[PDB]
Amino acid sequence: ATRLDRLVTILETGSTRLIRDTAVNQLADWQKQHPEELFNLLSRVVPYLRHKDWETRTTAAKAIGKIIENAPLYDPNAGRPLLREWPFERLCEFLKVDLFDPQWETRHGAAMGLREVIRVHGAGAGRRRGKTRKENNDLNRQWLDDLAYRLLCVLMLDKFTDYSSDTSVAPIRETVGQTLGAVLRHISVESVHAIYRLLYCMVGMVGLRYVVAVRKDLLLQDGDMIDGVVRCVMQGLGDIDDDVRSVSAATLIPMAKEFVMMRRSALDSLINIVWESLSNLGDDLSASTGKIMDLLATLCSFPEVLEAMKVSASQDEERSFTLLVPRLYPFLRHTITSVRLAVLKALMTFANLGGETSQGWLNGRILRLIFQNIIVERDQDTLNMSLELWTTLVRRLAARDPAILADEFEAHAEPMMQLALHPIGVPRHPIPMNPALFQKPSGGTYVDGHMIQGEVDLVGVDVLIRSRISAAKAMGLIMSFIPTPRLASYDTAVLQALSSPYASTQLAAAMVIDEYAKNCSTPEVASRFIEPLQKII
Amino acid sequence: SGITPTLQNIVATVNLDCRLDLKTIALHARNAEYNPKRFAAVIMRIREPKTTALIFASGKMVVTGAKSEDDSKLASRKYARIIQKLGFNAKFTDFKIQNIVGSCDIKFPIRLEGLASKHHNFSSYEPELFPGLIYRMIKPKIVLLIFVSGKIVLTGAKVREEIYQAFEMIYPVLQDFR
DNA sequence: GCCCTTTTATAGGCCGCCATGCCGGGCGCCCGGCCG
DNA sequence: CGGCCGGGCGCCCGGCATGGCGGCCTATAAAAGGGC
């Protein structure tokens, strides 16, 4: 057997990803050294595109792309639903003839391979030897139009979706969209007009994601072909279904930069629709709010959007940040983890804006809600993001004045000290916290019932202990920032906790003292807690 | 009293109140398998919380594999949502947990033969066929499989307190035999 | 019978394999002799 | 006393094909809902 037979099998039987990456690199270098035998490699790598394994198909597509990248460029002149010469002409035809195969794996591989081939060699497609230059250019236009037409027909007929996770995934739609994005780089603007007319601005959206984001600099400010897409996206954002909302939000986020640059006028309507859609409390099981908040964070990150938002609060404060961003607070305790993480990340992006707007909504309300998040969270990632947001908020609030931090959180400090220094029970005999200590996002008093009740049997003791140490870190930091004369209630609370009849509360008090000592400017400040600890040991 | 059982499986039934075309579910959802010769339902799956759903043509479904009541209810709601997305007018109705399984490990071996001899009216033991003593309890209606290693699994419960009561009832007996 | 989930776990039967031969035919070894 | 002696018998050869241990492999056990 030759080296190639053993080298191709690594793409399927490779023990690790680096081994398969090295296999494709070696195969590409092989084609480079022996340019006369592209078909030998292609005939052995192409059959993997219809393999059942996902990773094998992806690796085969990457191998085909890297093999083809080393061959010379070509220039011979001088409604049935989908459910579960040009040198590469026969390869592309074999991909297109099973692009409508019933099995979804074959379609996935066909789309990936067509993307990879056209990505490097789309310019020379469709031409035939012996024809004139201009007529061959017309033939290339015909070929690219045919490929775009067939791919768009595939997009409008495929309904295969995966519901394993909250965010539904359409593999064939995504691959076909990337294929359109590969195709549309080389065509002339007349074919771009034709494709924009074919994918009419109505609500496809995943198709729009790559019908724009290609030839981007020329589509910008191009009249209707850029004015209609914003209408289509805005209509999608206000639609009822969560799926179309999520897809539209994910389609606008990578294009947010040039859609912002397209007009200053469109920003008002866009941010209005985004905030209006986020204001309505979505359905409990929807992951779309995460995409909506990612879109909001990305849009607010650009300077001109900040200028537009500052301009918007002209006649009143209704559209200002201070009144609006509390609309994100209800989603802090949403059932789906992605929404909670998105809320925290968007709030961190807003906090790191500066520009004298952050002082508006930064107050004791958000601090207390984030402390409740720390206490009642079970997911590690959301807990980490919550503590990061807490640290950033406390640091920003102490940037203005330590007195502002000290008296803003003074209203809330004692109940949060009760929560942080709360005991932990045994499995069948919990020691529940008082629900009156927890605030609602839009209410004075309170999904998180198990953590509040202290049910160790239903939520593991590790989770409770981790919540306690996280609360200790947060409260130690906020003790450290605020001035010493204001710490009377804090210090007497921990001192009384150090003498409690409970075991868990003493541990929490020691943890709070340790974190306060760690975060201080110098260790000597916390010396008032010396002798109680020596009495403990 | 001592240690507490850990729940291992909860089975819930929920009625979607609408007829379903199973093959249309299978052809569209990646996470669904349908084999009408083997079984009459589509076996859907989701990865948070890890559960499986036997969704039938009559609109009923059986959701299994959950480790808690809230997880089971949330998974049933997610499956109802998934059926709604595929076009059917499924509505979450008639939820009721119908089995809970638990497992515990007391830290000493058990003399199964003496236990079977003394409690013959409430137990069965055929070591040639199955290496665990079977115990059937009348008051909480729980069935316990007792093993020489000191591990007991309880089944048939419809509430957590039932397995807790069954373990409390059985623990003195296991203490008596080593 | 048929299927889904879950923690527990080990000992009977079923399909195989596997050494059993046992008559002549030969070789090689050590174990008994003796021969000039 | 040294050296060649016969001499026995354990070892291996080979066939077909039968009976007795095998390991290994479901099946064993429990709850329950649904439909066929």
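Readers should treat all values here as calculations from the given coordinates under stated rules, not as data from a laboratory. As a convention, Cβ positions derive from the backbone with ideal geometry for all residues, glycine included, and neighbour counts pool all protein chains shown.
At-a-glance table
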quantity	calculated
Residue satisfying condition, being on the phi > 0 side of the Ramachandran plot and either assigned to a helix (DSSP H, G or I) or touching a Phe, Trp or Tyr at 6+ places or on another chain (Cβ under 6 Å) (or both), within set A:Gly126, A:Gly130, A:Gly177, A:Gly181	A:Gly126
Residue count, region B:113-131 (criterion: within 10 Å of DNA strand C (Cβ to nearest atom) and either within 28 Å of B:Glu161 (Cβ to Cβ) or not aliphatic (A, V, I, L, M) (or both))	5
Output for region A:347-385, where each listed residue is charged (D, E, K, R), assigned to a helix (DSSP H, G or I) and farther than 23 Å from A:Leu295 by Cβ	A:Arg365, A:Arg368
Tally, over region B:31-48, of residues that are basic (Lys, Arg), surrounded by fewer than 16 Cβ atoms within 10 Å (Cβ to Cβ) and away from DNA strand D (no atom under 11 Å from the Cβ)	1
Helices (runs of 4 or more DSSP H) (entirely within region A:5-80) containing at least 2 residues that are of a type in the set (S, T, N, Q), touching a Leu at 6+ places or on another chain (Cβ under 9 Å) and more than 30 Å from A:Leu155 (Cβ to Cβ)	A:17-33
Exclusive hit being within 30 Å of A:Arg80 (Cα to Cα) and either touching a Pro at 6+ places or on another chain (Cβ under 7 Å) or more than 14 Å from chain B (Cβ to nearest Cβ) (or both), set A:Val244, A:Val260, A:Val183	A:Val183
Residue in region B:52-69 that is farthest from DNA strand C (Cβ to nearest atom), counting only those that are of a type outside the set (A, V, I, L, M) and over 12 Å from B:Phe95 (Cβ atoms)	B:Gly59
Listing of helices (runs of 4 or more DSSP H) fully contained in region A:226-343 that carry 3 or more residues being buried (at least 20 other Cβ atoms within 10 Å of the Cβ) and of a type outside the set (A, V, I, L, M)	A:242-262, A:288-301
Filter result for B:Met61 (facing chain A (nearest Cβ under 9 Å) and assigned to a strand (DSSP E or B))	no
Matching entry among B:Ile82, B:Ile134, B:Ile100 (being within 10 Å of DNA strand C (Cβ to nearest atom) and out of contact with any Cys (no Cβ under 7 Å at 6 or more places or on another chain))	B:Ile100
Every residue from region A:473-522 that is among the polar types (S, T, N, Q) and closer than 15 Å to A:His412 by Cα	A:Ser489
Condition broken by A:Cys201, with the remaining ones in (1) farther than 20 Å from A:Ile118 by Cα; (2) surrounded by 20 or more Cβ atoms within 10 Å (Cβ to Cβ); (3) more than 14 Å from every other protein chain (Cβ to nearest Cβ) satisfied	(2)
Selection status of B:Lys37, within 11 Å of DNA strand C (Cβ to nearest atom) and over 23 Å from B:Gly156 (Cβ atoms)	yes
Residues that are away from DNA strand C (no atom under 13 Å from the Cβ) and either assigned to a strand (DSSP E or B) or charged (D, E, K, R) (or both), drawn from region B:139-165	B:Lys139, B:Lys141, B:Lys158, B:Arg160, B:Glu161, B:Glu162
Top-ranked residue of region B:117-167 - restricted to ones that are among the charged types (D, E, K, R) and surrounded by 13 or more Cβ atoms within 10 Å (Cβ to Cβ), ranked as farthest from DNA strand D (Cβ to nearest atom)	B:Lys118
From B:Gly102, B:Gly87, residue being out of contact with any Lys or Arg (no Cβ under 7 Å at 6 or more places or on another chain), part of a loop (DSSP other than H, G, I, E, B) and either closer than 23 Å to B:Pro36 by Cα or within 15 Å of DNA strand D (Cβ to nearest atom) (or both)	B:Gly87
Region A:215-237 residues that are of a type in the set (D, E, K, R), paired with ones that are assigned to a loop (DSSP other than H, G, I, E, B) (beta carbon under 8 Å, 6 or more apart)	A:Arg215/A:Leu184; A:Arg215/A:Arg185; A:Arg231/A:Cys201
Count - residues of region A:48-69 that are surrounded by fewer than 18 Cβ atoms within 10 Å (Cβ to Cβ) and among the hydrophobic types (A, V, I, L, M, F, W, C)	1
Any hit, region B:129-138, residues being part of a loop (DSSP other than H, G, I, E, B), within 14 Å of chain A (Cβ to nearest Cβ) and of a type in the set (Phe, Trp, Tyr)	no
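One line per residue, one yes/no per condition, for (1) in a loop (DSSP other than H, G, I, E, B); (2) more than 18 Å from A:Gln418 (Cβ to Cβ); (3) out of contact with any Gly (no Cβ under 6 Å at 6 or more places or on another chain); (4) among the acidic types (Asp, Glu):
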{"residue": "A:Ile431", "(1), (2), (3), (4)": "yes, no, no, no"}
{"residue": "A:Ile452", "(1), (2), (3), (4)": "no, no, yes, no"}
{"residue": "A:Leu458", "(1), (2), (3), (4)": "yes, yes, yes, no"}
{"residue": "A:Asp462", "(1), (2), (3), (4)": "no, yes, yes, yes"}
{"residue": "A:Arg468", "(1), (2), (3), (4)": "no, no, yes, no"}
{"residue": "A:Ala472", "(1), (2), (3), (4)": "no, no, yes, no"}
{"residue": "A:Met475", "(1), (2), (3), (4)": "no, no, yes, no"}
{"residue": "A:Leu487", "(1), (2), (3), (4)": "no, no, yes, no"}
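Yes or no, residue by residue, for (1) among the aliphatic types (A, V, I, L, M); (2) within 10 Å of DNA strand D (Cβ to nearest atom); (3) in contact with a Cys (Cβ under 8 Å, 6 or more places away or on another chain):
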position: B:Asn9; (1), (2), (3): no, yes, no
position: B:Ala12; (1), (2), (3): yes, yes, no
position: B:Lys50; (1), (2), (3): no, no, no
position: B:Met61; (1), (2), (3): yes, yes, no
